[PDB]
């Protein structure tokens, strides 16, 4: 976002024509010719790769502002972080109900696929059921268990900063929840 | 002032202030004998 | 130094002059009043704004705490007290007693 | 401006979740209430059979079976919800109650009022008529222990003739999940219906004079179970309505918020480009 | 009150207060309907809907479209009607009776046909 | 929690969670009423409405705003007062008792006034 704001400053001082949100015409091309240099090369080029984590900052959680819209259209996957989930205790604040990745299972190891496969579905069912937490006596037991699983999975996904877990430890963490041992 | 307010409050004057019998239904007790 | 925000949807409901007591403030405050008025009125803005927050909150509560019911009735008394007709100025000597 | 519409959209989107949740809750509770009604029915069917076989041998001269010589005063019970969001339920009950009161006062009698459920208690406290007694905090799940006290009180007020010359109940009949109505009927004095054609210990008269109060209790209990089942069905309907109304509000607000977004962007561009063309 | 007299001004202020309280309750009315409101508010909304519909009139101009004749009511009859409406002397009539009337005798004539 | 210690960090995060939950519930409470909520949510709302007013303070420069003199509340007393609030050890005090009050000693004296 401060990249785009610097290039807008330069471009306006040079008397180039302004477009939407005062950005010059080429701001999509400015971000694109940056990001599309991230790739995985084939074996004929030595099989090296570069992975980009562009950050952007959104005003008042809108995603219809110009720079957000461009970078969402350029990138392969979008981890939305929301301040509401941050305050409700879900730290890191990943909005697992709206964040997506277009690469999907091809980036995960088999031991992670074998566990995480149902996890998105369990959290989607929990987010649907969430309103019934106030009336959980009157709820059918076959979904009362889904609510109690979902609440434990949401606790299982919290994590303290500067403490990244190696893959072999997080697979066991997700196994506890998904296989119901945590219940 | 409080004494005047309480003297005055005693002397104030506040501004203090189709169904059909055929549609009505009857509870009954039944008797297994013919009407007299 | 301060706002007397006049709001049409207070004006229509009889509160005249229509001062929105939430937003309205004076930042010189009780340095610009006579001693009697600072004694008698020395928190009245905060008490009316607290009443407007409580009146909004309790609008659909079926029952209320004893202290809540007292504050809600006291606020309706103060709002009826602050109404005033056009071209009826009050001398400060009369205003002190009215707020008393 | 856009910020109010963003807030109002989020608010409405919460209200839509909360009403849809309660619609499903009410759709469960009407099944619980129908299960309670069908579990109560096999007692009332046998008390009725026993009462009719006792009446077949009895004198039929109990006070509840004999009308007063000149009635002046009539007791009425109105039953109502303890919670809001019921929609028309309390209004239908209370409209029928007033329609009954204008029947009684058109015949010459004055009603003395007994109230079940905090909503009707709030209505008859706003309109200035006194309530003789009231009960609250069970219209969502009536138990026979409450119907015992109500039937005792009504029967004691009748048998006193302060006193009353009749007893009426106003409630709602659950005809089906999609259709129900308020109903008002006379509980006392009772009519005797002869129809075409045992040992009793110690005597048929004594048993009949003990049983009639308990028949009156089981009939008010069956009425309270009908009231609770119909209330939960009216709550379901009114909550489905509220959900549809919130969904149409989120639609209209979104369509306003988009016209505002577009207008805001077009204004911002017009201002920039006018600034550039001035230079 | 100095130009129109107190009897006009007091009625006008009472009508505006009622319509304002209705226009505030509108946000709940749109979701839950009338039934959720407390009695002190439901009493008000019932007459608000009547006062609102009663401000309609069959104008002389519209006769060329509706075919109904036009109506002129004097100020005094207007003040009396709205004073009665705000106090409640017409609350028992159905809302539909109040469209496009004119004066109080025409109100009665319409309400009798329903 | 590495800097301020885990007590401070826990109390801060519990208070923010409560106030966030209260800001989610305001839109409901304003239409359906507090009586509709779960017992646990209704309890949280009663804690939040107090916490909000206990975050207010009589400042020394606001002498001309409130007439009451100002107060300074120590960090440990602040942590202990909010810890007690979140666990409900002051839920039996009337809602107005916390407003502008400063520390726990003043809170007790103003609750004993009411």
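Letters A, B, C, D, E and F mark the chains in the order given here, with residues in each chain numbered from 1 onward.
Here, contacts are C-beta pairs under 8 Å (C-beta built on N, C-alpha and C of every residue); 3 or more make two chains touch, one makes a residue touch a chain.
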For chain C, the least number of touch steps when starting out from chain A: 2
Third chains touching both chain E and chain A: D, F
Relative to chain D, chain with the most remote C-alpha centre: A
A-D or B-D - the one linked by more C-beta pairs in contact: B-D
Mean-CA-position distance for chain E and chain D (Å): 33
Separation of mean Cα positions, chain F and chain D [Å, integer]: 41
For chain C paired with chain F, centre-to-centre distance based on mean C-alpha positions, whole Å: 25
Set of chain E residues in contact with two or more other chains: 31-32, 36, 38
For chain D, residues that touch 2 or more chains besides their own: 15, 18, 84-85
Partner chain E, residues of chain C touching it in the complex: 9, 12-14, 60
Complex contacts: residues of chain E adjacent to chain D: 30-33, 35-36, 38-40
Residues of chain B that touch chain D when the two form their complex: 18-21, 24-36
Interface residues, chain D side, partner chain B - complex: 48, 51-53, 55-56, 60, 65, 96, 99-100, 102-103, 106-107, 183-188, 190-197, 215, 219
Complex interface listing, chain E residues touching chain F: 28, 31-32
